[PDB]
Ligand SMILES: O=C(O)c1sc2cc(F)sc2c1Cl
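Consider the single chain below, provided in structure tokens and representing the form deposited without the named molecule.
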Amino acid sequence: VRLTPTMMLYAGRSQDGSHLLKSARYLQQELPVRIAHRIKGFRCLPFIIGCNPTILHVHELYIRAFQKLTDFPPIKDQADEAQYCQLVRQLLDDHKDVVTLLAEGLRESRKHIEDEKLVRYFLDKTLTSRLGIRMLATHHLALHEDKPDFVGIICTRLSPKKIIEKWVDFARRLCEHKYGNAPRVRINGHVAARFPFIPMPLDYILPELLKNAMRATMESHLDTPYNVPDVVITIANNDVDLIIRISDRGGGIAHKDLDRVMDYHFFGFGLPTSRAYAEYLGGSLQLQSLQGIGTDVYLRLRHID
């Protein structure tokens, strides 16, 4: 069994599938507790915010999810567990545009936001809660799968070089469509590291950070779009954490914008959600700006037990 903040992803196996029931019964009682905490966060929002028709709609979705989940009887066998997976899959679908509806509701409410820390902490708690819930749910759904090098959602031999390469090719495509070119990426450091890790957090953070590094490079080289400097990624693997540094030669975040980059913009969500995700899983996301030259972004993530 693996662990992250206060959650457990069961790594045990059984011939008779009894491991699926131990995991499903844990999931069955954890999800309503996690969803009730989000309802409490919605009830504690300032009145003027919480009664915004869009924010109110998202609040209602959370009440419907807790209702559908608590109205599901306790899981007695494989047949019960199978139907519980259908409910979980329906909730993941009904809450797909929750972040889109949140930023859209909070944008209208911007005329009443005297303190930006309120919106940051509400979005940090809401976005990390869905990460924890999606990880918990998709791990269980993946315990039925017979994937190679995966115990549920935990990759038994994850290669940080390989996962970075997958998202570099993705970001270079978006970059190439927008600007006609994309900076090449050079990966150095512990390029041969292989270890147990959950890819899902990296699968959100990496494409966002890579998009930012490539956008910055392109925006600071309008003169020569066909010839832009490389983005350098350095991998540092050790017993405590995995460090992935992303360096760009994109001019750097200006002194007057240094605070604004880590806040939610109404959408500029990549950097603040990535930092919330990193902190939620025991890590960090730090920025080092060399104004006039570029930015160095340090992503640290704690290893699995």
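For the two forms, the rigid core is made up of the largest set of C-alpha atoms that agree within 1.5 Å on superposition. Don't overthink the numbering: it's just position in the shown sequence, from 1.
Enquirer: Please confirm whether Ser14, modelled here, goes without coordinates in at least one third of the other compared entries that cover both its neighbours.
Expert: Yes, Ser14 lacks coordinates in at least a third of the other compared entries that model both of its neighbours.
Enquirer: Please figure out whether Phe266 and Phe267 are truly consecutive in the deposited sequence or have unmodelled residues between them, and give none, 1 to 3, 4 to 9, or 10 or more.
Expert: The entry has a long gap there, with 10 or more residues left out between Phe266 and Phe267.
Enquirer: Mean C-alpha B factor from the entry: is it higher for 187 to 195 or for 103 to 111?
Expert: 103 to 111 has the higher mean C-alpha B-factor.
Enquirer: Compare the mean C-alpha B-factor of 115 to 123 with that of 159 to 167 as given in the PDB entry, and name the stretch with the higher value.
Expert: The stretch with the larger average C-alpha B-factor is 115 to 123.
Enquirer: According to the deposited entry, which of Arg38, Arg245, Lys256, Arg275 has the largest Cα B-factor?
Expert: In this record, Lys256 carries the highest C-alpha B-factor of the candidates.
Enquirer: Of the three thirds of its chain by CA temperature factor, lowest, middle or highest, which one includes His57?
Expert: For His57, the deposited C-alpha B-factor lands in the middle third.
Enquirer: Ranking the modelled residues of this chain by C-alpha B-factor as given in the entry, is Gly132 in the lowest, middle or highest third?
Expert: Its C-alpha B-factor belongs to the lowest third of this chain's values.
Enquirer: Quick check for you: using the entry's CA B-factors within this chain, is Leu27 in the lowest, middle or highest third?
Expert: Middle third by C-alpha B-factor.
Enquirer: Please say which third, lowest, middle or highest, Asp80 falls into when its CA temperature factor is compared across its chain.
Expert: CA B-factor rank for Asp80: highest third.
Enquirer: Using the B-factors in the PDB entry, rank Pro229's C-alpha atom against the chain and give the third, lowest, middle or highest.
Expert: Bottom third by C-alpha B-factor.
As for the form solved in complex with the named molecule, it is not shown, yet the points below apply to it.
Enquirer: Given the named molecule in the orientation seen in the bound PDB entry, superposed onto this form through the C-alphas lining the site, is the binding site open or blocked (3 or more ligand atoms within 2.4 angstroms of backbone or C-beta atoms = blocked)?
Expert: This form leaves the site open.
Enquirer: Sort through 222 to 230, 92 to 100, 147 to 155, 72 to 80 and report the only stretch with a non-hydrogen atom within 4.5 Å of the named molecule in the bound PDB entry.
Expert: Flagged stretch: 92 to 100.
Enquirer: Contact between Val88 and the named molecule in the bound PDB entry at 4.5 Å, heavy atoms?
Expert: Yes - in the bound PDB entry, heavy atoms of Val88 and the named molecule come within 4.5 Å of each other.
Enquirer: Answer for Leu143 alone: is it within 4.5 Å of the named molecule in the bound PDB entry, judged on heavy atom distances?
Expert: Looking in the bound PDB entry, residue contacts with the named molecule do not include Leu143, since no heavy atom lies within 4.5 Å.
Enquirer: Please tell me whether any heavy atom belonging to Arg130 falls inside 4.5 Å of a heavy atom of the named molecule, as the geometry stands in the bound PDB entry.
Expert: So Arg130 counts as contacting the named molecule.
Enquirer: Please check if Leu31 has a heavy atom lying within 4.5 Å of any heavy atom of the named molecule in the bound PDB entry.
Expert: Flag for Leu31 set to yes.
Enquirer: Heavy atom within 4.5 Å of the named molecule in the bound PDB entry: which of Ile35, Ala276, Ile55, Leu242 fits that? Just give me the one.
Expert: Partner contact (heavy atom, 4.5 Å) among the options: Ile35.
Enquirer: Can you work out which of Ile187, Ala137, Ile113, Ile163 has a heavy atom no more than 4.5 Å from the named molecule in the bound PDB entry?
Expert: Checking each option against the named molecule in the bound PDB entry, the one that comes within 4.5 Å is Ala137.
Enquirer: Heavy atom within 4.5 Å of the named molecule in the bound PDB entry: which residues of 40 to 64 qualify?
Expert: Contacts from 40 to 64: just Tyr62.
Enquirer: Which one moved? Candidates are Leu87, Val191, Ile113, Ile163, criterion is a Cα shift of 2 Å or more between this form and the one not shown after superposing on the core.
Expert: By this measure, the answer is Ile113.
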